[PDB]
Amino acid sequence: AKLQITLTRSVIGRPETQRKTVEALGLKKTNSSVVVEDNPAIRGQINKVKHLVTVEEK
Amino acid sequence: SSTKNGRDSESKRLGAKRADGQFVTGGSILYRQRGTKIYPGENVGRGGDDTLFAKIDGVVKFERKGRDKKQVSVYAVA
Amino acid sequence: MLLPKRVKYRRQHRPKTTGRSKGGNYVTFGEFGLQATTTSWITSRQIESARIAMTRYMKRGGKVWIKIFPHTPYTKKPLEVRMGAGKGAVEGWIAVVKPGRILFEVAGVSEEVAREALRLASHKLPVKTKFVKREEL
Amino acid sequence: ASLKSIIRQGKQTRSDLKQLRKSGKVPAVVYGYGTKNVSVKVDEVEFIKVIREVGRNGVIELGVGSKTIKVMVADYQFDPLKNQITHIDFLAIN
Amino acid sequence: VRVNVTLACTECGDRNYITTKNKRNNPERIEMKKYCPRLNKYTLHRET
RNA sequence: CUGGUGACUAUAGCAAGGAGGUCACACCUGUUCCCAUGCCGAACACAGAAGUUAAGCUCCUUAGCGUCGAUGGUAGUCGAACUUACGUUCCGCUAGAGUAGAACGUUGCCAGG
RNA sequence: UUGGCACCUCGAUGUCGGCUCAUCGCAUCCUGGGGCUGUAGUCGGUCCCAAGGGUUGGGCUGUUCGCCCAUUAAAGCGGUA
RNA sequence: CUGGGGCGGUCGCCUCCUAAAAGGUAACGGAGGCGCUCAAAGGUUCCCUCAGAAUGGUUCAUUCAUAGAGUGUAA
RNA sequence: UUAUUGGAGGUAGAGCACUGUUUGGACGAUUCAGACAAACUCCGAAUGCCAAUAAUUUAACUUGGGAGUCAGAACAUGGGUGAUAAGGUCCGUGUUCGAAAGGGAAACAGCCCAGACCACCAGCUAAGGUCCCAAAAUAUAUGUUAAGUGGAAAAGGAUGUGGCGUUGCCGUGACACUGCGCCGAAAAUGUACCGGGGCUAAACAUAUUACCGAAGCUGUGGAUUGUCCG
Ligand SMILES: [Mg+2]
Ligand SMILES: [Mg+2]
Ligand SMILES: [Mg+2]
Ligand SMILES: [Mg+2]
Ligand SMILES: [Mg+2]
Ligand SMILES: [Mg+2]
Ligand SMILES: [Mg+2]
Ligand SMILES: [Mg+2]
Ligand SMILES: [Mg+2]
Ligand SMILES: [Mg+2]
Ligand SMILES: [Mg+2]
Ligand SMILES: [Mg+2]
Ligand SMILES: [Mg+2]
Ligand SMILES: [Mg+2]
Ligand SMILES: [Mg+2]
Ligand SMILES: [Mg+2]
Ligand SMILES: [Mg+2]
Ligand SMILES: [Mg+2]
Ligand SMILES: [Mg+2]
Ligand SMILES: [Mg+2]
Ligand SMILES: [Mg+2]
Ligand SMILES: [Mg+2]
Ligand SMILES: [Mg+2]
Ligand SMILES: [Mg+2]
Ligand SMILES: [Mg+2]
Ligand SMILES: [Mg+2]
Ligand SMILES: [Mg+2]
Ligand SMILES: [Mg+2]
Ligand SMILES: [Mg+2]
Ligand SMILES: [Mg+2]
Ligand SMILES: [Mg+2]
Ligand SMILES: [Mg+2]
Ligand SMILES: [Mg+2]
Ligand SMILES: [Mg+2]
Ligand SMILES: [Mg+2]
Ligand SMILES: [Mg+2]
Ligand SMILES: [Mg+2]
Ligand SMILES: [Mg+2]
Ligand SMILES: [Mg+2]
Ligand SMILES: [Mg+2]
Ligand SMILES: [Zn+2]
């Protein structure tokens with residue numbers, strides 16, 4: 001019931017809305033990580049920026 | 001030669017001014033329009049230029065009327 | 001054919017040429033047809049030349065249907081003028097053809113004759129074409 | 001008169017349908033009196049053989065999941081380019 | 001319409017009520033009852 | 001069951017056939033009064049009750065037109081990858097048209113019976 | 001080529017023609033090789049290979065261009081501000 | 001203002017399209033209109049319903065006719 | 001910012017119910033069939049937008065002091081204009097440059113990867129790559145190409161070759177779809193678009209396993225400024 005989200009791609013060259021979603025997930029710099037409880041809202045954020053992040057069931 | 005065209009009037013910023021489900025005060029404009037594209041509903045007035053406005057404080061509801069017509073009402077928040 | 005007898009607006013935005021053919025993708029009046037596999041504008045002169053070729057080869061006797069009509073006018077500026085100062089004057093009339101659109105239909109001749117006539121017509125057109133028969137299961 | 005169909009399990013994606021049509025199969029749906037709606041897939045060559053052996057308004061014995069229900073070709077979708085049947089509507093005539 | 005007019009009361013010295021008319025249509029001095037603030041009633045205001 | 005009066009996106013409407021008037025509704029007979037026609041008691045209004053279901057109106061059986069309408073697929077397209085190809089690929093959303101099918105109304109009060 | 005665009009140059013990138021001197025391309029004017037011919041021969045037409053060399057002296061006009069006179073195997077077309 | 005400048009055209013306001021289904025959005029882009037009018041063509045109450053077609057008659061009548069008429073004026 | 005819920009609106013597509021355009025029948029304008037539309041719509045998305053109450057996140061607004069800016073550019077994409085010309089021009093949307101170094105694209109503001117506090121002769125990766133120039137596979141499996149195609153182009157032409165099929169006569173044909181090649185293919189200082197050498201794979205298509213590769217991330221030490229509790 002917890003996911004670890006890692007920012008594996010740069011936000012450079014990405015539209016502002018994707019950058020805002022990445023910021024809302026708590027990810028700061030490239031290869032930084034967060035651990036958050038799984039719920040539909042977090043899943044929606046991840047789906048929006050899934051080409052930029054890696055998800056591990058943690 | 002020359003073009004005979006090149007004229008236009010100022011855009012009039014019509015359309016919805018408040019959202020369905022939003023709370024508004026009395027006198028708030030809900031909709032600017034030409035004609036009755038949307039009709040005045042409950043506790044909603046229709047101004048001289050067809051502007052729809054709330055007559056009470058309350059919550060805006062856009063609803064259908066008949067088959068091919070629409071209306072907007074305002075209902076007092078309980 | 002040649003052109004509309006009248007149109008509301010003689011200066012029109014040019015049509016979009018991407019995508020596939022919206023309709024008229026089946027043989028519906030005759031036995032055989034010319035189906036476009038490539039996209040292009042088709043002018044009234046191209047239509048008229050293709051029609052003359054096909055009907056001359058068929059030696060009359062058969063029937064010819066032209067399924068596309070040049071509804072859209074297009075404009076051209078005068079030779080050697082700077083940009084701007086309004087849109088040009090109507091230069092010709094075109095139809096938009098996308099893959100799948102049947103251009104001509106024929107009936108009343110044998111299969112071999114239809115094939116030869118449609119090949120001759122297709123060599124006048126700016127699109128790749130394929131010979132098609134009336135579609136059944 | 002006889003054609004065998006495989007039930008299409010779940011919701012197919014676009015890629016699933018593309019692979020299906022590439023592999024010579026035709027997505028199809030069965031509906032009508034006496035049958036509940038089910039998505040199936042039949043071989044294109046076999047379907048053409050059956051259709052040429054019975055015609056257009058004919059009755060087809062369609063094996064649909066341990067049930068030999070009788071159907072008629074209500075409608076079908078065809079791609080004039082590449083000359084390929086893309087979808088079939090089997091109506092169970094009861 | 002055609003020309004601006006001023007309607008005058010018989011008691012008020014104000015000419016508050018201006019309006020318009022068509023001279024060919026109404027060449028005669030038009031008159032109508034209008035509210036008069038200084039008398040607090042409707043009186044007869046006539047074209048000047 | 002009928003009527004009065006509301007609510008609902010015609011699933012309610014039109015069309016064709018048949019059944020009924022005990023009360024009720026209606027057609028109807030008239031113009032003295034109230035009222036009334038750019039003319040006419042056709043309408044509106046008023047007296048009524050000779051009569052009649054004939055039409056309106058109720059009831060019944062039809063999907064004929066109209067309306068409603070899936071599933072499946074197709075077009076389009078948010079996003080991603082490739083690419084410059086009148087493009088390809090993956091993913092989510094997903095029409096319009098057409099198909100099966102629904103449907104010859106459901107219901108709130110008030111009164112009568 | 002006539003243009004379209006306005007990207008370098010306006011604290012300056014001299015414009016046409018000729019003269020002098022060339023250099024490169026080949027879509028070849030001549031010369032060399034060859035296929036077809038409605039190629040008898042002599043001459044031609046057309047296409048293919050080929051850039052080695054060659055490819056004019058005057059009248060008119062500032063002219064380029066062009067017309068003309070007289071030749072020549074031929075008097076080629078273009079690029080190089 | 002200006003796909004250099006001049007010459008031509010334009011300069012304020014209204015409507016539509018371009019305009020990418022909120023709003024906004026440019027070009028010497030595509031189309032038009034305004035610089036009024038009406039003493040009722042304003043207010044209110046009551047009543048009313050069109051264009052067209054067919055069919056008959058030396059304008060009238062019947063039937064259909066959701067408006068295909070009208071709405072002072074451009075959309 | 002996302003989830004969910006509600007709403008406004010007419011684009012893409014589609015359609016022909018209205019307006020206009022158009023093809024072939026039939027009957028004597030209507031009807032059957034089939035098409036077209038920025039200023040057509042019986043319809044109608046995806047998205048975007050406005051809101052309402054959960055998750056994550058870090059802003060937001062007001063009032064004052066001080067500005068600078070009002071020449072923009074390319075790329076991608078929705079469109080006008082032009083010629084479905086321009087490194088053209090004018091709007092919408094996004095990114096980068098501007099004001100951004102580092103790696104890749106031979107060189108190359110605007111493309112791809114990625115945002116340099118300082119030091120290191122440490123490590124892992126991105127785009128892109130791994131025969132030599134020049135770091136890392138002369139890697140593995142299956143096949144295609146014979147054109148140096150790869151390493152700039154079309155209508156059209158052709159017993160080039162491979163995979164798929166529906167078929168006909170009795171080895172042989174017809175037809176349909178498709179992979180990769182061939183011809184069509186002529187320019188000016190010098191080979192002269194693979195960057196060069198070279199390559200029949202060191203080309204191309206699928207699949208897999210390694211490795212190289214940046215100032216990205218990590219490791220160690222240090223500087224400055226903040227936050228939490230030196
Ligand atoms: Mg406007
Ligand atoms: Mg007013
Ligand atoms: Mg159609
Ligand atoms: Mg030039
Ligand atoms: Mg510029
Ligand atoms: Mg200068
Ligand atoms: Mg200098
Ligand atoms: Mg040569
Ligand atoms: Mg030579
Ligand atoms: Mg020479
Ligand atoms: Mg100028
Ligand atoms: Mg002038
Ligand atoms: Mg929008
Ligand atoms: Mg808008
Ligand atoms: Mg004007
Ligand atoms: Mg004026
Ligand atoms: Mg469209
Ligand atoms: Mg038509
Ligand atoms: Mg047409
Ligand atoms: Mg439209
Ligand atoms: Mg461009
Ligand atoms: Mg530019
Ligand atoms: Mg832009
Ligand atoms: Mg920046
Ligand atoms: Mg850089
Ligand atoms: Mg760099
Ligand atoms: Mg570089
Ligand atoms: Mg290069
Ligand atoms: Mg470099
Ligand atoms: Mg380069
Ligand atoms: Mg490594
Ligand atoms: Mg190297
Ligand atoms: Mg090495
Ligand atoms: Mg090569
Ligand atoms: Mg090459
Ligand atoms: Mg070639
Ligand atoms: Mg080289
Ligand atoms: Mg290289
Ligand atoms: Mg490093
Ligand atoms: Mg760092
Ligand atoms: Zn007074």
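Reminder, nothing fancy here: chain letters follow the sequence lines and each chain counts from 1.
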Using the sign of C1'-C2'-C3'-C4', would you call the sugar of I:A136 north or south? north
Under-3.5 Å donor-acceptor pair between D:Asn37 side chain and F:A70 base: yes
Across all strands, who's sitting opposite I:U21 as a Watson-Crick or G-U wobble pair, both distances under 3.5 Å? I:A35
The sugar of G:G41: north or south, by the sign of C1'-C2'-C3'-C4'? north
Let's test your reading of the model: under 3.5 Å, does the base of H:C38 pair with the side chain of E:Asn22 as donor and acceptor? no
Per atom distances to the B:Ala19 side chain, the nearest of I:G34, I:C50, F:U9 is I:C50
Return no unless some side-chain N or O of A:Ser10 is found under 4.0 Å from OP1 or OP2 of I:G115. yes
Classify the ring geometry between C:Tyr74 and C:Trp41 as parallel (under 30°), tilted (30 to 60°) or perpendicular (over 60°). tilted
Tell me whether the OP1 or OP2 atom of H:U15 has a side-chain N or O from B:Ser9 closer than 4.0 Å. yes
For H:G4, does the base pair up with any side-chain atom of C:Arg82 as donor and acceptor (N or O, under 3.5 Å, distance only)? yes
By the 4.0 Å heavy-atom rule, please label A:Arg19 as base, sugar-phosphate, or nothing. sugar-phosphate
Quickly, which of D:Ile6, D:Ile85, D:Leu62 forms a side-chain contact (heavy atoms from CB on, under 4.5 Å) with D:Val42? Name it, please. D:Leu62
Among side-chain atoms of A:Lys48 and A:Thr17, is any donor-acceptor pair under 3.5 angstrom? yes
With both distances kept under 3.5 Å, what pairs with F:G30, Watson-Crick or G-U wobble? F:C46
Quick check for you: among I:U56, I:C36, H:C38, whose closest atom lies nearest to any side-chain atom of E:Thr20? H:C38
Base-pairing mate for I:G88 - Watson-Crick or G-U, with both contacts under 3.5 Å: I:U81
Is there a Watson-Crick or G-U wobble partner for I:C124 with both distances under 3.5 Å, and if so, which one is it? I:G216
Start with the C-alpha distance between C:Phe29 and C:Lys63, add both sets of side-chain angles, then the distance that settles side chain to side chain contact (heavy atoms under 4.5 Å, CB included), and finish with yes or no. CA-CA 10 Å; C:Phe29 293 84; C:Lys63 202 156 188 328; over 6 Å; no
Residue-phosphate contact under 4.0 Å: B:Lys12 side-chain N/O, H:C14 OP1/OP2: yes
Distance below 4.0 Å between E:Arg2 side-chain N/O and H:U37 OP1 or OP2: no
What about A:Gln45, does its side chain sit under 3.5 Å from the base of I:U1 through a donor-acceptor pair? yes
Would you tell me if any nitrogen or oxygen in the side chain of B:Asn5 comes within less than 4.0 Å of OP1 or OP2 on H:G29? no
Partner nucleotide, any strand, of I:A74 [Watson-Crick/G-U, under 3.5 Å]: I:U95
Charged N to carboxylate O under 4.0 angstrom, A:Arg19 versus A:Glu23? no
So does C:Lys8 get a side-chain nitrogen or oxygen closer than 4.0 Å to the phosphate oxygens (OP1/OP2) of I:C40? yes
Syn or anti for H:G3, given that syn means the glycosidic angle lies within 90° of 0? syn
Looking only at side-chain N and O atoms, does C:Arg11 come under 4.0 Å of OP1 or OP2 in H:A31? yes
Indicate whether any N or O donor in one side chain lies under 3.5 Å from an N or O acceptor in the other, for D:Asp89 and D:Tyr31. yes
Test for a donor-acceptor pair under 3.5 Å between the base of I:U84 and the side chain of C:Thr17, counting only N and O atoms. yes
Classification of the I:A215 sugar, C1'-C2'-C3'-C4' positive north, negative south: south
Within the pair C:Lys128 and I:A155, is there a side-chain N or O less than 4.0 Å away from OP1 or OP2? yes
Taking OP1 and OP2 of I:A8, is either one under 4.0 Å from a side-chain nitrogen or oxygen of B:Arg64? no
I want to verify a distance call: between I:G82, H:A39, I:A12, whose nearest atom is closest to the E:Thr19 side chain? H:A39
With a cut-off of less than 4.0 Å, is there a side-chain N or O of A:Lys28 near OP1 or OP2 of I:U57? no
For F:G98, the Watson-Crick or wobble counterpart (both distances under 3.5 Å): none
Under 4.0 Å between a side-chain nitrogen and a carboxylate oxygen: does that hold for C:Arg51 and C:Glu48? yes
Look through every strand shown and name the nucleotide pairing with I:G143 as Watson-Crick or G-U wobble, where both distances are under 3.5 Å. I:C204
Polar atoms only, N or O, under 3.5 Å: list the protein pairs with nucleotides 78-83 of chain F and their distances.
unit_1	atom_1	unit_2	atom_2	d
F:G79	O3'	A:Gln18	NE2	3.4
F:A80	OP1	A:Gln18	NE2	2.9
F:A81	OP1	A:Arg14	NH2	3.3

Side chain of C:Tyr9 only, please: which of I:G157, I:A39, I:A8 is the nearest? I:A39
Go ahead and name the base partner of I:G173; Watson-Crick or wobble counts if both distances stay under 3.5 Å, otherwise write none. I:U167
